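J.: This is the content of structure18.pdb (PDB, C-alpha atoms and all ligand atoms):
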```
MODEL        1
ATOM      1  CA  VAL A   3     -14.543  -3.314 -15.377  1.00  0.00           C
ATOM      2  CA  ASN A   4     -13.118  -0.554 -13.165  1.00  0.00           C
ATOM      3  CA  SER A   5     -11.736   2.959 -13.655  1.00  0.00           C
ATOM      4  CA  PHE A   6      -7.981   2.377 -13.246  1.00  0.00           C
ATOM      5  CA  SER A   7      -6.027   3.645 -16.265  1.00  0.00           C
ATOM      6  CA  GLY A   8      -2.561   3.208 -17.754  1.00  0.00           C
ATOM      7  CA  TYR A   9      -1.567   0.114 -15.770  1.00  0.00           C
ATOM      8  CA  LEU A  10       0.622  -2.663 -17.089  1.00  0.00           C
ATOM      9  CA  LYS A  11      -0.948  -6.063 -16.376  1.00  0.00           C
ATOM     10  CA  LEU A  12       1.566  -8.255 -14.568  1.00  0.00           C
ATOM     11  CA  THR A  13      -0.630 -11.280 -13.778  1.00  0.00           C
ATOM     12  CA  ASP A  14      -4.284 -12.267 -13.719  1.00  0.00           C
ATOM     13  CA  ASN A  15      -4.873  -9.900 -10.785  1.00  0.00           C
ATOM     14  CA  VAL A  16      -1.848  -7.577 -10.336  1.00  0.00           C
ATOM     15  CA  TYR A  17      -1.347  -4.322 -12.249  1.00  0.00           C
ATOM     16  CA  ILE A  18       1.546  -1.846 -11.945  1.00  0.00           C
ATOM     17  CA  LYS A  19       2.118   1.803 -12.889  1.00  0.00           C
ATOM     18  CA  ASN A  20       4.626   4.600 -12.269  1.00  0.00           C
ATOM     19  CA  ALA A  21       2.346   6.991 -10.382  1.00  0.00           C
ATOM     20  CA  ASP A  22       1.869   9.216  -7.328  1.00  0.00           C
ATOM     21  CA  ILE A  23      -0.541   7.273  -5.107  1.00  0.00           C
ATOM     22  CA  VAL A  24      -2.048  10.491  -3.716  1.00  0.00           C
ATOM     23  CA  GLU A  25      -2.868  11.814  -7.185  1.00  0.00           C
ATOM     24  CA  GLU A  26      -4.069   8.364  -8.265  1.00  0.00           C
ATOM     25  CA  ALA A  27      -6.449   8.041  -5.309  1.00  0.00           C
ATOM     26  CA  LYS A  28      -7.841  11.545  -5.835  1.00  0.00           C
ATOM     27  CA  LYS A  29      -8.617  10.697  -9.473  1.00  0.00           C
ATOM     28  CA  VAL A  30     -10.016   7.180  -9.057  1.00  0.00           C
ATOM     29  CA  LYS A  31     -11.575   7.480  -5.582  1.00  0.00           C
ATOM     30  CA  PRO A  32     -11.129   3.712  -5.147  1.00  0.00           C
ATOM     31  CA  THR A  33     -13.065   1.636  -2.669  1.00  0.00           C
ATOM     32  CA  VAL A  34      -9.754   0.960  -0.873  1.00  0.00           C
ATOM     33  CA  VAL A  35      -6.408   2.751  -0.800  1.00  0.00           C
ATOM     34  CA  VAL A  36      -3.629   1.011   1.122  1.00  0.00           C
ATOM     35  CA  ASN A  37      -1.415   3.032   3.440  1.00  0.00           C
ATOM     36  CA  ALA A  38       2.162   2.022   4.260  1.00  0.00           C
ATOM     37  CA  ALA A  39       1.477   2.340   7.984  1.00  0.00           C
ATOM     38  CA  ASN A  40       3.455   1.796  11.160  1.00  0.00           C
ATOM     39  CA  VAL A  41       2.053   0.166  14.292  1.00  0.00           C
ATOM     40  CA  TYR A  42       1.383   3.544  15.938  1.00  0.00           C
ATOM     41  CA  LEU A  43      -0.296   4.982  12.828  1.00  0.00           C
ATOM     42  CA  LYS A  44       2.090   7.945  12.973  1.00  0.00           C
ATOM     43  CA  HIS A  45       1.895   9.160   9.379  1.00  0.00           C
ATOM     44  CA  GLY A  46       5.094  11.146   9.184  1.00  0.00           C
ATOM     45  CA  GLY A  47       6.737  10.415   5.865  1.00  0.00           C
ATOM     46  CA  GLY A  48       6.816   8.130   2.903  1.00  0.00           C
ATOM     47  CA  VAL A  49       3.436   7.144   1.505  1.00  0.00           C
ATOM     48  CA  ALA A  50       1.799   7.609   4.915  1.00  0.00           C
ATOM     49  CA  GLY A  51       3.006  11.178   5.307  1.00  0.00           C
ATOM     50  CA  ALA A  52       1.863  11.956   1.765  1.00  0.00           C
ATOM     51  CA  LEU A  53      -1.619  10.457   2.165  1.00  0.00           C
ATOM     52  CA  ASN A  54      -2.144  12.126   5.522  1.00  0.00           C
ATOM     53  CA  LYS A  55      -1.102  15.539   4.158  1.00  0.00           C
ATOM     54  CA  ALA A  56      -3.632  15.134   1.331  1.00  0.00           C
ATOM     55  CA  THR A  57      -6.375  14.646   3.978  1.00  0.00           C
ATOM     56  CA  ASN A  58      -5.386  17.889   5.713  1.00  0.00           C
ATOM     57  CA  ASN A  59      -4.328  15.788   8.768  1.00  0.00           C
ATOM     58  CA  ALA A  60      -7.790  14.213   9.185  1.00  0.00           C
ATOM     59  CA  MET A  61      -6.227  10.775   8.706  1.00  0.00           C
ATOM     60  CA  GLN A  62      -3.869  11.446  11.629  1.00  0.00           C
ATOM     61  CA  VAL A  63      -6.690  12.718  13.878  1.00  0.00           C
ATOM     62  CA  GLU A  64      -8.748   9.598  13.163  1.00  0.00           C
ATOM     63  CA  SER A  65      -5.689   7.397  13.638  1.00  0.00           C
ATOM     64  CA  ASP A  66      -4.811   8.899  17.023  1.00  0.00           C
ATOM     65  CA  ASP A  67      -8.310   8.085  18.279  1.00  0.00           C
ATOM     66  CA  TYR A  68      -7.974   4.539  16.889  1.00  0.00           C
ATOM     67  CA  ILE A  69      -4.689   3.992  18.758  1.00  0.00           C
ATOM     68  CA  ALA A  70      -6.006   5.524  21.982  1.00  0.00           C
ATOM     69  CA  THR A  71      -8.836   2.967  21.908  1.00  0.00           C
ATOM     70  CA  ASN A  72      -7.130  -0.129  20.506  1.00  0.00           C
ATOM     71  CA  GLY A  73      -3.388   0.226  21.025  1.00  0.00           C
ATOM     72  CA  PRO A  74      -0.785  -0.368  18.325  1.00  0.00           C
ATOM     73  CA  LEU A  75      -1.144  -2.663  15.361  1.00  0.00           C
ATOM     74  CA  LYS A  76       1.049  -5.727  14.915  1.00  0.00           C
ATOM     75  CA  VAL A  77       3.807  -5.773  12.332  1.00  0.00           C
ATOM     76  CA  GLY A  78       2.129  -7.673   9.504  1.00  0.00           C
ATOM     77  CA  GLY A  79      -1.302  -6.479  10.622  1.00  0.00           C
ATOM     78  CA  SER A  80      -3.807  -3.930   9.429  1.00  0.00           C
ATOM     79  CA  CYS A  81      -6.897  -1.932  10.233  1.00  0.00           C
ATOM     80  CA  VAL A  82      -9.630  -0.383   8.084  1.00  0.00           C
ATOM     81  CA  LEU A  83     -10.283   3.322   8.631  1.00  0.00           C
ATOM     82  CA  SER A  84     -11.839   6.082   6.558  1.00  0.00           C
ATOM     83  CA  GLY A  85     -10.416   6.965   3.166  1.00  0.00           C
ATOM     84  CA  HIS A  86     -11.345  10.627   3.771  1.00  0.00           C
ATOM     85  CA  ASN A  87     -11.200  12.581   0.471  1.00  0.00           C
ATOM     86  CA  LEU A  88      -9.003   9.933  -1.199  1.00  0.00           C
ATOM     87  CA  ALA A  89     -11.045   6.709  -1.171  1.00  0.00           C
ATOM     88  CA  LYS A  90     -13.973   5.107   0.583  1.00  0.00           C
ATOM     89  CA  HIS A  91     -11.705   3.208   2.994  1.00  0.00           C
ATOM     90  CA  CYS A  92      -8.025   3.263   3.859  1.00  0.00           C
ATOM     91  CA  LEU A  93      -6.490  -0.106   4.705  1.00  0.00           C
ATOM     92  CA  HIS A  94      -3.526   0.736   6.952  1.00  0.00           C
ATOM     93  CA  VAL A  95      -1.061  -2.157   6.537  1.00  0.00           C
ATOM     94  CA  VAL A  96       2.150  -2.529   8.553  1.00  0.00           C
ATOM     95  CA  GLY A  97       4.941  -4.065   6.533  1.00  0.00           C
ATOM     96  CA  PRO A  98       8.222  -4.765   8.327  1.00  0.00           C
ATOM     97  CA  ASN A  99      10.602  -1.814   8.469  1.00  0.00           C
ATOM     98  CA  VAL A 100      14.089  -3.151   7.734  1.00  0.00           C
ATOM     99  CA  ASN A 101      15.538   0.079   9.138  1.00  0.00           C
ATOM    100  CA  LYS A 102      14.099  -1.011  12.516  1.00  0.00           C
ATOM    101  CA  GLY A 103      15.406  -4.581  12.208  1.00  0.00           C
ATOM    102  CA  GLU A 104      11.989  -6.155  11.629  1.00  0.00           C
ATOM    103  CA  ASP A 105      11.660  -9.612  10.094  1.00  0.00           C
ATOM    104  CA  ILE A 106      11.216  -9.444   6.313  1.00  0.00           C
ATOM    105  CA  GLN A 107       9.303 -12.742   6.526  1.00  0.00           C
ATOM    106  CA  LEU A 108       6.395 -10.699   7.934  1.00  0.00           C
ATOM    107  CA  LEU A 109       5.987  -9.077   4.506  1.00  0.00           C
ATOM    108  CA  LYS A 110       3.898 -12.030   3.310  1.00  0.00           C
ATOM    109  CA  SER A 111       1.618 -11.667   6.344  1.00  0.00           C
ATOM    110  CA  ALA A 112       1.270  -7.958   5.559  1.00  0.00           C
ATOM    111  CA  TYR A 113       0.195  -8.645   1.975  1.00  0.00           C
ATOM    112  CA  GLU A 114      -2.331 -11.273   3.156  1.00  0.00           C
ATOM    113  CA  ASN A 115      -4.429  -8.395   4.495  1.00  0.00           C
ATOM    114  CA  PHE A 116      -5.113  -7.364   0.880  1.00  0.00           C
ATOM    115  CA  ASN A 117      -7.061 -10.596   0.308  1.00  0.00           C
ATOM    116  CA  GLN A 118      -9.913  -9.284   2.468  1.00  0.00           C
ATOM    117  CA  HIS A 119     -10.708  -6.690  -0.245  1.00  0.00           C
ATOM    118  CA  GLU A 120     -11.792  -7.394  -3.808  1.00  0.00           C
ATOM    119  CA  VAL A 121      -9.934  -4.417  -5.361  1.00  0.00           C
ATOM    120  CA  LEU A 122      -7.233  -2.147  -3.929  1.00  0.00           C
ATOM    121  CA  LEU A 123      -4.943   0.713  -4.916  1.00  0.00           C
ATOM    122  CA  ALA A 124      -1.684   0.099  -3.068  1.00  0.00           C
ATOM    123  CA  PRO A 125       2.036   0.807  -2.752  1.00  0.00           C
ATOM    124  CA  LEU A 126       4.682  -1.883  -2.575  1.00  0.00           C
ATOM    125  CA  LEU A 127       4.813  -2.825   1.095  1.00  0.00           C
ATOM    126  CA  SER A 128       8.097  -2.306   2.943  1.00  0.00           C
ATOM    127  CA  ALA A 129       9.528  -0.390  -0.048  1.00  0.00           C
ATOM    128  CA  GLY A 130      10.752   3.196   0.080  1.00  0.00           C
ATOM    129  CA  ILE A 131      11.740   4.331   3.566  1.00  0.00           C
ATOM    130  CA  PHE A 132      10.821   0.922   5.058  1.00  0.00           C
ATOM    131  CA  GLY A 133      14.126  -0.356   3.632  1.00  0.00           C
ATOM    132  CA  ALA A 134      13.208  -3.607   1.844  1.00  0.00           C
ATOM    133  CA  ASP A 135      14.080  -4.592  -1.718  1.00  0.00           C
ATOM    134  CA  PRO A 136      11.174  -3.476  -3.960  1.00  0.00           C
ATOM    135  CA  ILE A 137      11.813  -6.347  -6.389  1.00  0.00           C
ATOM    136  CA  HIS A 138      11.293  -8.736  -3.480  1.00  0.00           C
ATOM    137  CA  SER A 139       8.212  -6.832  -2.332  1.00  0.00           C
ATOM    138  CA  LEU A 140       6.675  -7.122  -5.803  1.00  0.00           C
ATOM    139  CA  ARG A 141       7.420 -10.860  -5.880  1.00  0.00           C
ATOM    140  CA  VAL A 142       5.762 -11.399  -2.494  1.00  0.00           C
ATOM    141  CA  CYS A 143       2.782  -9.325  -3.614  1.00  0.00           C
ATOM    142  CA  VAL A 144       2.308 -11.404  -6.771  1.00  0.00           C
ATOM    143  CA  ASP A 145       2.703 -14.678  -4.864  1.00  0.00           C
ATOM    144  CA  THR A 146       0.410 -13.667  -1.964  1.00  0.00           C
ATOM    145  CA  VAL A 147      -2.379 -11.356  -3.118  1.00  0.00           C
ATOM    146  CA  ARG A 148      -5.224 -13.077  -4.964  1.00  0.00           C
ATOM    147  CA  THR A 149      -7.599 -10.111  -5.165  1.00  0.00           C
ATOM    148  CA  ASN A 150      -7.189  -7.345  -7.747  1.00  0.00           C
ATOM    149  CA  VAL A 151      -4.356  -5.013  -6.781  1.00  0.00           C
ATOM    150  CA  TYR A 152      -3.310  -1.855  -8.625  1.00  0.00           C
ATOM    151  CA  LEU A 153       0.240  -0.955  -7.567  1.00  0.00           C
ATOM    152  CA  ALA A 154       1.282   2.704  -7.749  1.00  0.00           C
ATOM    153  CA  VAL A 155       5.349   2.851  -7.927  1.00  0.00           C
ATOM    154  CA  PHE A 156       6.751   6.289  -7.085  1.00  0.00           C
ATOM    155  CA  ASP A 157      10.321   5.799  -8.369  1.00  0.00           C
ATOM    156  CA  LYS A 158      10.541   5.829 -12.192  1.00  0.00           C
ATOM    157  CA  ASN A 159      13.861   3.989 -12.476  1.00  0.00           C
ATOM    158  CA  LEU A 160      12.278   1.517 -10.066  1.00  0.00           C
ATOM    159  CA  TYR A 161       9.255   1.172 -11.958  1.00  0.00           C
ATOM    160  CA  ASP A 162      11.235   0.434 -15.131  1.00  0.00           C
ATOM    161  CA  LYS A 163      13.528  -1.888 -13.165  1.00  0.00           C
ATOM    162  CA  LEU A 164      10.574  -3.737 -11.608  1.00  0.00           C
ATOM    163  CA  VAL A 165       8.987  -4.258 -15.038  1.00  0.00           C
ATOM    164  CA  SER A 166      12.146  -5.292 -16.898  1.00  0.00           C
ATOM    165  CA  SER A 167      13.115  -7.740 -14.132  1.00  0.00           C
ATOM    166  CA  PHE A 168       9.634  -9.130 -13.518  1.00  0.00           C
ATOM    167  CA  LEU A 169       9.484 -12.886 -13.895  1.00  0.00           C
TER     168      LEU A 169
HETATM  169  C1  LIG B 201       9.470   5.012  -2.797  1.00  0.00           C
HETATM  170  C2  LIG B 201       8.682   4.393  -1.662  1.00  0.00           C
HETATM  171  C3  LIG B 201       8.571   5.415  -0.572  1.00  0.00           C
HETATM  172  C4  LIG B 201       7.418   6.260  -1.108  1.00  0.00           C
HETATM  173  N1  LIG B 201       6.476   5.362  -1.801  1.00  0.00           N
HETATM  174  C5  LIG B 201       5.385   5.857  -2.576  1.00  0.00           C
HETATM  175  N2  LIG B 201       4.794   5.056  -3.513  1.00  0.00           N
HETATM  176  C6  LIG B 201       3.727   5.521  -4.274  1.00  0.00           C
HETATM  177  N3  LIG B 201       3.183   6.731  -4.210  1.00  0.00           N
HETATM  178  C7  LIG B 201       3.798   7.504  -3.261  1.00  0.00           C
HETATM  179  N4  LIG B 201       3.354   8.820  -3.036  1.00  0.00           N
HETATM  180  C8  LIG B 201       4.177   9.355  -2.011  1.00  0.00           C
HETATM  181  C9  LIG B 201       5.085   8.394  -1.626  1.00  0.00           C
HETATM  182  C10 LIG B 201       4.879   7.193  -2.412  1.00  0.00           C
HETATM  183  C11 LIG B 201       7.224   4.121  -2.111  1.00  0.00           C
HETATM  184  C12 LIG B 201       6.606   2.880  -1.369  1.00  0.00           C
HETATM  185  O1  LIG B 201       7.334   1.715  -1.645  1.00  0.00           O
ENDMDL
END
```
Would you put the structure from the file into structure tokens?
Ligand SMILES: C[C@H]1CCN(c2ncnc3[nH]ccc23)[C@@H]1CO

T.:
Amino acid sequence: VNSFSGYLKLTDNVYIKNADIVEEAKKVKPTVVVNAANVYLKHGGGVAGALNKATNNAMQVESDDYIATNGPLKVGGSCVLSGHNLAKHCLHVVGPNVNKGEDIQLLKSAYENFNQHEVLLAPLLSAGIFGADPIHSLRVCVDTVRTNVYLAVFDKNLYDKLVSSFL
């Protein structure tokens, strides 16, 4: 039993809700919130910009030190950093950005990072400003993640469309 509320159960382990991931994380304080990161951890917009703003830019400060030490992530890769005031840990995961021409096949690799964590609050990877089809992202999530994932969907029409079209 955990403290996530109002989620529709899609499968044994995947749950979905129309919610603002920042407000969700602040309420639940999950062990892990997933960020829709880029390889440079430049949290400008989308989910990443929103989460970073909620940390008063502390996420960006921590991220800049991470990059200065380690260099960029790989597309499809991840790193674990602090969750600041939002969660214990933030798993920064780089899904392919279609608007940069990146290979959508790397989306499965991106979701595989979730399997290293028993429970996560997450967005749909490569959705929103990353330019992929959210229906496809949900399908890959369901077919890749085996741990318990609570998906927070910003767009209401999308949430309803994702639910009504879910196979
Ligand atoms: C619509 C896309 C882009 C934004 N994003 C979000 N999802 C959940 N909570 C959020 N809070 C702020 C942004 C955001 C979706 C990720 O596929």

J.: Kindly list the centre and edge lengths in Å, rounded to one decimal, for the axis-aligned box that covers all listed atoms of ligand LIG 201 (chain B) plus 4 Å on each of its six sides, as lines of an AutoDock Vina configuration file.

T.:
```
center_x = 6.3
center_y = 5.5
center_z = -2.4
size_x = 14.3
size_y = 15.6
size_z = 11.7
```

J.: With distances taken over only C-alpha atoms, which of A:57, A:37, A:4, A:150 is nearest to residue A:125?

T.: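 Going through A:57, A:37, A:4, A:150 one by one, the smallest distance to residue A:125 is for A:37.
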
J.: With distances taken over all atoms listed in the file, which residue among A:3, A:61, A:34, A:56 lies nearest residue A:119?

T.: A:34

J.: For the file shown, report as a PyMOL selection string the outcome of the PyMOL selection byres (((chain A and resi 87) around 9) and not hetatm) at residue level.

T.: chain A and resi 27-28+31+56-57+84-86+88-90

J.: Grab me every residue within 10 Å of ligand LIG 201 (chain B), counting all atoms listed in the file, and send it over as number ranges by chain.

T.: A: 19-27, 37-38, 47-53, 123-136, 139-140, 153-158, 160-161

J.: Using only C-alpha atoms, please write the residues we just selected to a file, as a JSON list (two decimals), in the coordinates of the input.

T.:
```json
[["chain", "number", "residue", "atom", "x", "y", "z"],
["A", 19, "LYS", "CA", 2.12, 1.80, -12.89],
["A", 20, "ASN", "CA", 4.63, 4.60, -12.27],
["A", 21, "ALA", "CA", 2.35, 6.99, -10.38],
["A", 22, "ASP", "CA", 1.87, 9.22, -7.33],
["A", 23, "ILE", "CA", -0.54, 7.27, -5.11],
["A", 24, "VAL", "CA", -2.05, 10.49, -3.72],
["A", 25, "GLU", "CA", -2.87, 11.81, -7.18],
["A", 26, "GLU", "CA", -4.07, 8.36, -8.26],
["A", 27, "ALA", "CA", -6.45, 8.04, -5.31],
["A", 37, "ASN", "CA", -1.42, 3.03, 3.44],
["A", 38, "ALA", "CA", 2.16, 2.02, 4.26],
["A", 47, "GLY", "CA", 6.74, 10.42, 5.86],
["A", 48, "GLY", "CA", 6.82, 8.13, 2.90],
["A", 49, "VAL", "CA", 3.44, 7.14, 1.50],
["A", 50, "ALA", "CA", 1.80, 7.61, 4.92],
["A", 51, "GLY", "CA", 3.01, 11.18, 5.31],
["A", 52, "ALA", "CA", 1.86, 11.96, 1.76],
["A", 53, "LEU", "CA", -1.62, 10.46, 2.16],
["A", 123, "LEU", "CA", -4.94, 0.71, -4.92],
["A", 124, "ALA", "CA", -1.68, 0.10, -3.07],
["A", 125, "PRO", "CA", 2.04, 0.81, -2.75],
["A", 126, "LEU", "CA", 4.68, -1.88, -2.58],
["A", 127, "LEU", "CA", 4.81, -2.82, 1.10],
["A", 128, "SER", "CA", 8.10, -2.31, 2.94],
["A", 129, "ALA", "CA", 9.53, -0.39, -0.05],
["A", 130, "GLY", "CA", 10.75, 3.20, 0.08],
["A", 131, "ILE", "CA", 11.74, 4.33, 3.57],
["A", 132, "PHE", "CA", 10.82, 0.92, 5.06],
["A", 133, "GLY", "CA", 14.13, -0.36, 3.63],
["A", 134, "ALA", "CA", 13.21, -3.61, 1.84],
["A", 135, "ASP", "CA", 14.08, -4.59, -1.72],
["A", 136, "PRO", "CA", 11.17, -3.48, -3.96],
["A", 139, "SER", "CA", 8.21, -6.83, -2.33],
["A", 140, "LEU", "CA", 6.68, -7.12, -5.80],
["A", 153, "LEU", "CA", 0.24, -0.96, -7.57],
["A", 154, "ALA", "CA", 1.28, 2.70, -7.75],
["A", 155, "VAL", "CA", 5.35, 2.85, -7.93],
["A", 156, "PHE", "CA", 6.75, 6.29, -7.08],
["A", 157, "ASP", "CA", 10.32, 5.80, -8.37],
["A", 158, "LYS", "CA", 10.54, 5.83, -12.19],
["A", 160, "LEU", "CA", 12.28, 1.52, -10.07],
["A", 161, "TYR", "CA", 9.26, 1.17, -11.96]]
```

J.: Atom CA of residue A:98 and atom CA of residue A:113 are how many Å apart?

T.: 10.9 Å

J.: Just so the selection is clear, what residues does the PyMOL selection byres (((chain A and resi 65) around 9) and not hetatm) cover here, as a PyMOL selection string?

T.: chain A and resi 42-45+60-64+66-70+83

J.: Please provide as a list in words all residues within 7 Å of residue A:97, with the sequence filter that same-chain residues fewer than 6 positions apart are discarded (counting all atoms listed in the file).

T.: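 The residues satisfying every condition are residues 77, 78, 108, 109, 112, 127 and 128 of chain A.
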
J.: Find the residue from A:118, A:166, A:59, A:5 that sits nearest to residue A:32; use only C-alpha atoms when measuring.

T.: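 For residue A:32, the nearest of the candidates is A:5.
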
J.: Between atom CA of residue A:39 and atom CA of residue A:16, what is the spacing in Å?

T.: 21.1 Å

J.: Which residue out of A:107, A:6, A:41, A:122 has the minimum interatomic distance to residue A:95 when all atoms listed in the file are used?

T.: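 That would be A:41, the residue with the smallest distance to residue A:95.
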
J.: Could you tell me how far atom CA of residue A:142 sits from atom CA of residue A:7, in Å to one decimal place?

T.: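 Answer for the atom CA of residue A:7 to atom CA of residue A:142 separation: 23.6 Å.
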
J.: With a distance cut-off of 9 Å and all atoms listed in the file, select the neighbouring residues of residue A:14, excluding the residue or stretch itself and same-chain residues fewer than 3 positions from it, and output the selection as a list in words.

T.: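 The residues that qualify are residues 11, 17, 148 and 150 of chain A.
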
J.: So what does the PyMOL selection byres (((chain A and resi 75) around 8) and not hetatm) actually pick up in this one, as a VMD selection string?

T.: chain A and resid 40 to 42 73 to 74 76 to 77 79 to 81 96
